[PDB]
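Single chain ahead, written as C-alpha cells, the form deposited without the ligand.
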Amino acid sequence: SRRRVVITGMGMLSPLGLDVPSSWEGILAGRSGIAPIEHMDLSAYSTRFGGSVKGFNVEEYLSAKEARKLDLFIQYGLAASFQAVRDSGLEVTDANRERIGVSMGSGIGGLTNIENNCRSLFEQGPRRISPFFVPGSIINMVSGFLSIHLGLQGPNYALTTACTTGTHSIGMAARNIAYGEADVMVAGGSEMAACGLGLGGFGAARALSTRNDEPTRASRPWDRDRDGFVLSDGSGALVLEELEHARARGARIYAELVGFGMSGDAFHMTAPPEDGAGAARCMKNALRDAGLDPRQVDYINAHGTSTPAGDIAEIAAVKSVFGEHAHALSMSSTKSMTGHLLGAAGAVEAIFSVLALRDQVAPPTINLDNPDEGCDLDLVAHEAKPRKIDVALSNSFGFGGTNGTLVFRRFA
C-alpha cells in the first residue's frame, strides 16, 4: 500500500556552477569543471587538479559567524538543500513540519575540519581543538542544521555508503514517503574531500588520474587512455514529495521517482566484479521495483568514474540487463565533465537524470576520443544528444561492493 513519490525541488553546488540551471548549462555545453587546485599546495602529490566549486559565497545563505563553525561539506549541503526547498515552493507550517524530514549524506563528511583539528592537536595540543569540531564535522549535521534552520521535524538521518551515498539517500527518503513515514523529504549528498587526506588517501590507493598536464582531459569514461577518477566537490539536494501532497498544493512536478535498487557485490572492498553482476542485480531490482520492462529505459546516467575496471564492469552490467536494447538506449557519464563528487555524485546525477527527462536530451560523455574494447554502446561521445527519454536510470557503485540504482520517469 505504497504511495508514489515526485521531485518538486532541486538544488546544487558543482564544479560547473553554484546552482542547478548554471550546472546544467555546463553539462549540455560539454564544459569541464576540472582545473589545477588552488586552495592548497599539491607539489608533493601525484594529482594536483580536481573539480572545485568556484566562487562559492556561503553569505548568500548563512551569517559568516555561523559558517565559521561548519565544515565546507555542511556549507555545500545546506546551500543545495536551501535551493531545493525554495525551488519546491513548499511552505513549512505547524500542520506539516512533523511530515517533512531530511536525509543528506556524505562519504566522509568534515575531512578538512578533521585534518585542521588534527594539525592543532599535534602541533599545539588538545586545548586548541575547536568546541565546534564535532557538531561542525560529523556527517549527520547537514540533516541536523537544515532541520534547525527550517523547523523540519520529520525523519532526520544521514547515510554514508561511499560513492553510493547520494543514490541511497534519495532512494531511502523515497521509501520513507512511499510507506507513509513522511510526506516530504530533502535528500541527497555533499562532499568536500579536497584536502591532504582525501587527495593523498586516494593517491596512496592509486585510484586518481595523474594527467596533471591536461586536467580537463583527465576524466575520460570508457576511453582506452583512462587512468582513474577525478576528485570533485559539491552537493545535490532534491525535495521528494508524495504525489497527492504535491497535486493538492499545485506543486511544479519535475519527474516521478518510480524505482530504487540496492544490492551488495560481496566480491571485494574496492574492485568491482569484471561482469558487473552486482550492478546488474541492482538495476534489475530497481526495474522490478518500478514495474518496468528493460526496453522502457531510454537514458542511463552511468557511475562511469573513468577507472579501467569500473567502466567496463558497467558496460557488461548494462549488456546483461538490457540485451539488444543496450544498443537502443543512451548511456553517458556526466563525471566526464564534473569529475567524481563521491558521496554527492549520486545526488547531482539524480538531478541531471531528472533534467534529461525535462529537456529530452542525453548529456554527453566528453573526452571519449577512443572507446575501449567492448565499449560499443551509444555512450553519447563529445556532444549532448536531443532524444526521446520517458525513463532515466542513474547508477552509483561504492567501496564495500555497495550498489544503488534510481529510476525516474516523465510525470504524465
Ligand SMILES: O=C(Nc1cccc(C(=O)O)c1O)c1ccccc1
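Sequential numbering from 1, following the sequence displayed.
- Set 192-200 against 271-279 and average the Cα temperature factors; 271-279 ends up higher.
- Judged by mean Cα B factor in the deposited record, 247-255 ranks above the other of 169-177 and 247-255.
- Taking the deposited Cα B-factors for 357, 351, 35, 375, the highest one is held by 375.
- Of all the options 71, 311, 324, 183, the entry's greatest CA B-factor is assigned to 324.
- In the PDB entry, a CA B factor belonging to the lowest third of its chain's modelled residues is recorded for residue 61.
- When the CA B factors of the chain's modelled residues are split into thirds, the value for residue 261 lands in the middle one.
- Placement of the Cα temperature factor of residue 213 within the chain: highest third of the modelled residues, per the deposited record.
- When the modelled residues of the chain are ordered by C-alpha B-factor, residue 233 sits in the lowest third.
- Residue 23 sits in the middle third of its chain by CA B factor, as recorded in the PDB entry.
Absent from the display: the form deposited with the ligand bound. The rest refers to it.
- Residue contact with the ligand in the bound PDB entry: residue 83 places a heavy atom within 4.5 Å of it.
- Taking non-hydrogen atoms only, residue 61 approaches the ligand to within 4.5 angstroms in the bound PDB entry.
- Although the partner is absent here, residue 328 lies well away from the ligand in the bound PDB entry, with no heavy atom inside 4.5 Å.
- Using a 4.5 Å cutoff between non-hydrogen atoms, residue 253 does not count as a contact of the ligand in the bound PDB entry.
- With the ligand omitted here, the record of contacts in the bound PDB entry names 84-92 of 84-92, 232-240, 121-129, 97-105, defined by a heavy atom within 4.5 Å.
- Residues are counted as partner-facing when one of their heavy atoms sits within 4.5 Å of the ligand in the bound PDB entry; in 147-174 only 150 qualifies.
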